[PDB]
Amino acid sequence: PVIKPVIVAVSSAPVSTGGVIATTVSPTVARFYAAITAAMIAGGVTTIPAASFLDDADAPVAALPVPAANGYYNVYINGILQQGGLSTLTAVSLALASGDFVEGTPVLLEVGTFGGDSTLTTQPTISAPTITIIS
Amino acid sequence: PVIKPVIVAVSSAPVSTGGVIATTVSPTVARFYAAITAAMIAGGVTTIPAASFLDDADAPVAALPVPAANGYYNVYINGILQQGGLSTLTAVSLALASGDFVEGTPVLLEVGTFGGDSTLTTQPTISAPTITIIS
Amino acid sequence: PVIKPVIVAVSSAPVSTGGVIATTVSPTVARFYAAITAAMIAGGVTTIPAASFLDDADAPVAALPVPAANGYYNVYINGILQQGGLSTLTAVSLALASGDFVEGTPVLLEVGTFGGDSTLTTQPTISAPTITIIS
Amino acid sequence: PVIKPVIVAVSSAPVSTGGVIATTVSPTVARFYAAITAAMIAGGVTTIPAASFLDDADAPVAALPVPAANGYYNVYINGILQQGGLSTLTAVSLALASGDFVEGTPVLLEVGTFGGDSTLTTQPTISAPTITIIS
Amino acid sequence: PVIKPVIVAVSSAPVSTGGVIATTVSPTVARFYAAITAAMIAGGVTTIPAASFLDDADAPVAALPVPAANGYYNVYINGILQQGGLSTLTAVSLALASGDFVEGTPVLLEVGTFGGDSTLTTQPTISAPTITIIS
Amino acid sequence: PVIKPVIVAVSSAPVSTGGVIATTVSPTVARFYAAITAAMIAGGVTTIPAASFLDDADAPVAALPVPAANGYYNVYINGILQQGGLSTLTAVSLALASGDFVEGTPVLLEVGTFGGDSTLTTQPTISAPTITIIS
Amino acid sequence: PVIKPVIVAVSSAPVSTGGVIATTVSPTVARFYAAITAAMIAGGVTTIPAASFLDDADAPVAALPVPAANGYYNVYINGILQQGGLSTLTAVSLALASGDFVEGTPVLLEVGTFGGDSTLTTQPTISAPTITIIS
Amino acid sequence: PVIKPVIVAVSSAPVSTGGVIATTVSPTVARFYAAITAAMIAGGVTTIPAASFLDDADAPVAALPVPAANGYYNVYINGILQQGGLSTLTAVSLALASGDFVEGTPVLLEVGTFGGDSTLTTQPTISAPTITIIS
Amino acid sequence: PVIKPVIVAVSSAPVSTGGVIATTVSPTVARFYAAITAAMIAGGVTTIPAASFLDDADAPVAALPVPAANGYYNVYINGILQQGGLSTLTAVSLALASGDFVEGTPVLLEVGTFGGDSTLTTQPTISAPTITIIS
């Protein structure tokens, strides 16, 4: 017959204090060139294909990074900004309202993205709980 | 006369053991149009009312979202950016420092805003405290 | 001889719950002016110095804030965006790979930076541990 | 006719001298186990009958040896001596005062008895009497 | 002249046979309670003096029945017995070794006494003397 | 020729009356300390040998006063009595059945002995016998 | 005338010669018994009254043969032959000096008498006388 | 022829005077001793034979001189005279009535005889007779 | 010349008849007492001398009337008679055979004598003598 005292104890809920975090922002801007001609202006659905585009130095482009919910795109017609009414951008081409243009003019298109990163540097401090002993 | 043993105990303060967070950035860019003429030219400081503008898909404009300290605004005059010296944008007009323009140069306003959000993905783990029995 | 009962107790590991993070984004855009001339054009590698620039509200220029990993810059030639081929901007000048411009081409530079801060608003709640009594 | 002398004699009373007594003392201590759960705790009439008790070798008991005039008993609650207040032990149960605590704490009853035996080792010597002759 | 015969006689001391003694023993155990506080601890003669005790049921006690040569006493500290090292109980207090305790140690004292009574039941039998007649 | 009268006498057996007996009881309680560790605990026949003990005021001991037929002993495990199941104390050690517990674990032994002596205070009184003269 | 001679003669006186006489003595001893008790005993006149005797075998006696001048009496008290100082014997009783006695004592009296008879066996022889004439 | 006177005479009868006679008495007292035992007690005819004696100077006797007509005998039982009820001396033994005593009870027999002789001292004197002459 | 006749006569001795003798016996019994002690017991000649005797009515005596040939004496020791062995009376003391006695035993002596007288009451009758005349 082994006999031991019956003692129980409960613990409280500790409370955290403080905390410090740091953040970083990463921009990215892509530059694509266009050389629109009259071989595609048909009075409507004037869409320059995803293959008629140069790039940051010389290389031709194959597809366009359609702006997601974390970026913006701008369309330059003869170097003048145009509102997002005659500028619909897919991965295939750029919908330009209707065909009303001139002979070959420099059209520029600007696409930018944004990414963020953050981490917890100074970690919170936990208050010591309380212990009550029940006999 | 009930007699119980009297035992007390104390608890140490735990510590945190690392964590991680995720961050997203949501940009927004708004485009507004102008058809400035000599009707409201004044010379010197020039004012263009917030109502003589059209927006995006030719929608009329009432006022302008004055940029706070979370965004930037650009002022275009014939497609050539001009610095803040010529630009002062209130909610009713744009204070044009220059007073000599032409008969209908295309002026555009590029106003952008930024917003972000974050959440705790992997919550920190709490170390086990130490408790000592006092007789 | 003083005698006391021998009792030991071990604590568990608490668990954290919840957490809320609020973030802010602070974008800045700087605009620098230029007026190119055939004096600094040498049929290529036109290296327009960090002193032949205008600044914001006609203030003199000192140097160029080279874009770091948290910013972007655009190079304008007569108000037409040009890709990285014509743009390699150090703190003393701009690359301008080739020189074929005219007398007094209106050129200007935009440089942007991005910073953000965040704080912990709703600090996570810590679950209470468990206490076991060893006789 | 038969004639005989008439003589009468009287004796005195002898006197003792005392002896020596040897004594023995026989103690006996009985130990009974208990388990005071909340089964019969009623806050004032908390009383375990002579059935929820173990014995020296874990043998279930039948009744309790009521302390007579030649014995004593102590009531232990959690291994602490308790005074007469929490003790009204009878042949069927022990009447604890009120009780208030967790599932069965170690409760112990010690019941002691005392018996003694003695005998006369050296028996007292008797003094000789005196005889007087009356003629 | 009266003239009577002269006769003398002698007697022999008798012999005692047998005998038996019946014995009884009476135990008594007293229980006193203590309610130690910081008044006791002085690093010297750490005592509760006289009346700062409880008693068997409720009624406070005045003095202490010093253990004579026919009784025993035990010192209970938190339910753990202690030897003569910390027991010098006088009629005033309990002279413990030194003050190194806690706030609320459950302390109580047991004091025991013993008394015995015996009677002679079967009175010893006495043998008969021998009388010798001397002429 | 010397001639003397022939006389013989007989004596009865006296009977005595009662007596007085006075008794004393001498109890003795010995206390031996222990401090049991994992030195020889084997989950069975754990028996703390000989002088792995203390006595009264430190004073290391040699052996144990085996309880004879005129005494009693108790075994304390962390301040809780244990019955004969785990107590067959010899002159060497205990006879603990097993024991699974942290080191130290205050264990105390109480050994009690009882002795008594008595004297015959009031010696019995002897009644006077009867003498019969036979001529 | 007658004429006769005148002659006268005288005779002397004879003498006796001895003789023989024979004598006889007749003794007689009478025995009387007494059973004196406390029904009589007085201060100085203790005298067993006449008939308070028994004679020879069983027959009670009426009076006592007072000792004459030709006899003697002896008085036995408890066998011892007392002297005449304690004895004065008459017809009614015997004067036992004074009253100083004990419980009934065996006493008896002896009274003796003496008588003598004698006869003349041989008669004396007488001598012959002498005769002388006177002419 | 022879012639003689015829004269006759007669004599008277002389008378005698008194005389003197003297007597002597010769008493003899014989003493015999015995020790009566239980070898002859039969509740009657307890008769000690004529040889069961010791005589005066410890010289055992053969017979008993029974007093015929000039003697008296007394019987002694433990020194107390008895009477004719228990006394009848024949030539062989006594005539104890029944007898009851302890062995060797002192018993003595006294037997006496009386004899006397007398002589004639003074011879009687005879008177002178008277002589008368008858012529 | 004177002439006278010659006559001679002769007498005859007569004879005596008759005679009556009367006798008396005078008995005397002396009585002496002794209170002998151990002050003079010498072992062989323990004999009470002369005046160490109380006589009759307690009058002290001088010497002892030695038994002549006309008397007898009896020696009483503790009431029991004795014989010639412990008896020889001289004018000085007794002749007890040896000293083997007790303290203060009553020893009493009786001395008797016998004397008698007689007279010739009736005188003898003398016959008449015969006388013859011889002429």
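Residues numbered from 1 in each chain as written, not as in the entry; some residues may be left out. Chains lettered and ligands numbered in written order. Heavy atoms only, no water.

A. Inspection of the overall build of chain A at higher detail. Of regular secondary structure, chain A possesses 0 helices and 12 strands. Traced from its N-terminal end to its C-terminal end, chain A shows the element sequence β-β-β-β-β-β-β-β-β-β-β-β. A globule of 135 residues ought to have a C-alpha radius of gyration of about 14 Å, yet chain A, at 31 Å, is considerably larger. Expressed along its principal axes, the backbone C-alpha trace of chain A runs to roughly 105 × 30 × 30 Å. In chain A, which comprises 135 residues, the share counted as buried stands at 41%. (Helix = DSSP H or I, 4+ residues; strand = E, 2+ residues; numbered from the N terminus. Rg over C-alpha atoms; globule rule 2.2 N^0.38 Å. Buried < 20%, exposed > 50% of the residue type's maximum accessible area, 1.4 Å probe, protein only.)

B. Spatial organisation of the packing of aromatic side chains. Considering all chains together, one arrives at 18 aromatic pairs over all chains under this definition. Ring plane angle 20 degrees and centroid distance 6.2 Å describe the contact between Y72(A) and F114(A), whose orientation is recorded as stacked. A residue pair is termed long-range when its members are at least 10 positions apart, and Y72(A) in strand β6 (residues 71–77) and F114(A) in strand β10 (residues 107–122) qualify at 42 residues. Residue classification places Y72(A) among the buried positions, given a relative accessible area of 5%. For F114(A), a relative accessible area of 7% translates into the label buried. Note on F114(D) and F114(E): the rings are 5.2 Å apart at their centroids and 80 degrees apart in plane angle, and the pair reads as edge-to-face. Of the two residues, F114(D) is situated in strand β8 (residues 105–122) and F114(E) in strand β6 (residues 107–120); the pairing between them involves two chains. We note that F114(D), like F114(E), is buried. Each member of the aromatic cluster is reached from another via a ring pair, and the members are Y72(A), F114(A), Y72(B), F114(B), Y72(C) and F114(C). It is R31(A) that lies over the ring of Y73(C); its NZ or CZ is 5.9 Å from the centre. (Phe/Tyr/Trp six-rings, centres within 6.5 Å; stacked < 30°, edge-to-face > 60°. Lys NZ or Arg CZ within 6 Å of the ring centre and 35° of its normal.)

C. Seen up close, the relation of the copies chain F and chain E. Relative to chain E, chain F is turned by 120 degrees and slid 0.0 Å along the rotation axis, the superposed coordinates differing by an RMSD of 0.7 Å. Such a combination of turn and shift is consistent with a three-fold rotation axis. By C-alpha distance to the rotation axis, the residue of chain F lying nearest is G79(F), at 3.3 Å. (Least-squares fit on C-alpha atoms.)

D. Molecular detail of the side chain of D55(B). Considering the arrangement of structural elements, one finds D55(B) in strand β4 (residues 53–55). There is no salt bridge for the buried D55(B), and the closest opposite charge comes from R31(B), which lies 7.3 Å off by N-O distance. (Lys, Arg positive; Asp, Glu negative; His and termini not counted. Salt bridge = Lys/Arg side-chain N within 4 Å of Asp/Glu carboxyl O.)

E. Fine view of the environment of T28(E). Note on placement: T28(E) falls in strand β3 (residues 21–34). Those residues in contact with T28(E) that sit more than four places away from it in its chain are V111(E), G112(E) and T113(E). (Contact = heavy atoms within 4.5 Å.)

F. Quick look at the interface of chain F and chain E. With 36 residues of chain F at the interface, the matching set in chain E holds 31 residues. Here chain F meets chain E over a buried area of about 2,600 Å², counting both sides, of which 65% is carbon and sulfur. Of all residues in chain F, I21(F), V25(F) and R31(F) bury the most surface against chain E, accounting for 22% of the area lost on that side. Seen at the junction of chain F and chain E, the total is 0 salt bridges. Taken together, the connections running from chain F to chain E amount to 8 residue pairs in polar contact. If one sorts the elements of the side of chain F that touches chain E by residue count, strand β3 (residues 21–36) of chain F sits on top with 9 residues. Class assignment for the residues of the side of chain F that touches chain E results in 23 nonpolar, 9 polar and 4 charged. (Buried area = accessible area lost by both parts, 1.4 Å probe. Polar contact = N/O pair within 3.5 Å; in protein donor to acceptor, adjacent residues only side chain to side chain. Nonpolar A, V, L, I, M, F, W, Y, C, P; charged D, E, K, R; others polar.)

G. Just the interface of chain I and chain G, in detail. Taken together, the contacts link 37 residues of chain I with 32 residues of chain G. Across the chain I/chain G interface, buried area totals approximately 2,700 Å², and carbon plus sulfur atoms make up 63% of it. On the chain I side of the contact with chain G, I21(I), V25(I) and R31(I) bury the most area, a combined 22% of that side's loss. The interface formed by chain I and chain G holds 0 salt bridges in total. At the boundary of chain I with chain G, the tally comes to 8 residue pairs in polar contact. For the side of chain I that touches chain G, the secondary-structure elements that each account for two or more residues are β1 (8–10), β2 (16–17), β3 (20–34), β4 (54–55), β6 (71–77) and β8 (107–122) of chain I. Examining the composition of the side of chain I that touches chain G, we find that 9 residues originate from one element, β3(I), more than from any other. A per-class count over the side of chain I that touches chain G returns 22 nonpolar, 10 polar and 5 charged. Here 2 bridges tie strand β9 (residues 107–122) of chain G to β3(I), and the two strands are oriented antiparallel to one another. Its bridge partner lying in β3(I), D117(G) is registered against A22(I). (Pairing = 2+ DSSP bridges.)

H. Quick look at the sheet that holds β10(A). Residues and elements named next belong to chain A. One open sheet holds the 5 strands; their spatial order is β5-β3-β10-β6-β7, and the pairing between them is antiparallel. Only two strands of the sheet have a single neighbouring strand rather than two, namely β5 (53–54) and β7 (80–81). Relative to β7, β6 runs antiparallel, the two sharing 2 bridges. Within β7, the position partnered with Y76 by the bridge is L81.

I. Quick look at the arrangement of the chains. A gap remains between chain A and chain H, which never touch, and the nearest two C-alpha atoms on either side lie 85 Å apart. Structurally, chain D and chain I remain out of contact, their C-alpha atoms never closer than 11 Å.

J. Quick peek at the pairing of strand β3 (residues 46–49) of chain B. All names here are of chain B. By the alternation rule, side chains of β3 split into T46 and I48, which are all buried, and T47 and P49, of which none is buried. Sheet analysis places β3 next to strand β8 (residues 93–96), joined by 4 bridges and oriented antiparallel. Across the sheet, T47 pairs through a bridge with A95, a residue of β8.

K. Layout of the pairing of strand β7 (residues 104–120) of chain F. In this structure, β3(F) lies alongside β7(F), joined through 15 bridges in antiparallel fashion. Paired with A34(F) across the bridge in β7(F) is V107(F).

L. Here's a closer look at a nonpolar patch on the surface. A cluster of nonpolar side chains, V6(B), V8(B) and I134(B), forms an exposed patch at the surface whose accessible area comes to about 190 Å². With respect to the secondary-structure elements, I134(B) resides in strand β10 (residues 131–134). (Patch = residues over 30% accessible without salt bridge, like charges linked within 9 Å, V, L, I, M, F, W, Y side chains within 5 Å. Areas by Shrake-Rupley, 256 points an atom, 1.4 Å probe, with all protein chains shown as cover.)

M. Seen up close, the nonpolar core. If you look at the biggest cluster of nonpolar residues, it comprises 19 residues, and the most contacted ones within it are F53(E), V75(E), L89(E), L94(E), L96(E) and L109(E). Once residues lying within four places of it in the same chain are set aside, the contact partners of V75(E) are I80(E), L81(E), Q82(E), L86(E), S87(E), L94(E), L96(E), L108(E) and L109(E). (Core = buried A, V, L, I, M, F, W, Y, C linked by side-chain atoms within 4.5 Å.)

N. Focus on the environment of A30(H). All names here are of chain H. Turning to its location among the elements, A30 is positioned in strand β2 (residues 20–36). Here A30 falls in the partly exposed class, since its relative accessible area comes to 24%. Along the chain, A30 and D117 lie 87 residues apart, while their C-alpha atoms are 21 Å from each other. Those residues in contact with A30 that lie beyond four places of it in its chain are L109, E110 and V111.

O. Molecular detail of unusual backbone geometry. Residue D58(B) is not a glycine yet carries a positive backbone phi of 65 degrees. Summarising the element assignment, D58(B) is placed in the loop between β4 and β5 (59–60). Unusually for a residue other than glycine, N78(C) sits at a positive phi of about 55 degrees. With a relative accessible area of 43%, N78(C) lands in the partly exposed category.

P. Up close: the sheet that holds strand β9 (residues 93–96) of chain A. The strand order across the open sheet formed by 3 strands is β4-β9-β8 (chain A), and the pairing between neighbours is antiparallel. Strands with a single pairing partner mark the edges of an open sheet, and in this sheet they are β4 (46–49) and β8 (88–89) of chain A.

Q. Examining the side chain of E110(A) more closely. As for its position among the elements, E110(A) is in strand β10. We note that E110(A) is buried and unpaired, the nearest opposite charge coming from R31(A) at a distance of 6.6 Å. In terms of polar contacts, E110(A) uses its side chain to reach the side chain of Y72(A), at 3.5 Å. Apart from residues no more than four positions distant in its own chain, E110(A) is found in contact with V29(A), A30(A), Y72(A), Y73(A), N74(A), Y76(A), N74(C) and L81(C).

R. Looking closely at the environment of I80(E). Considering the arrangement of structural elements, one finds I80(E) in strand β5 (residues 80–82). C-alpha of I80(E) to C-alpha of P106(E): the two residues are 26 residues apart in sequence and 10.0 Å apart in space. If we ignore the near neighbours within four places in the chain, the residues touching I80(E) are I3(C), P5(C), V75(E), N78(F), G79(F), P106(F) and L108(F).

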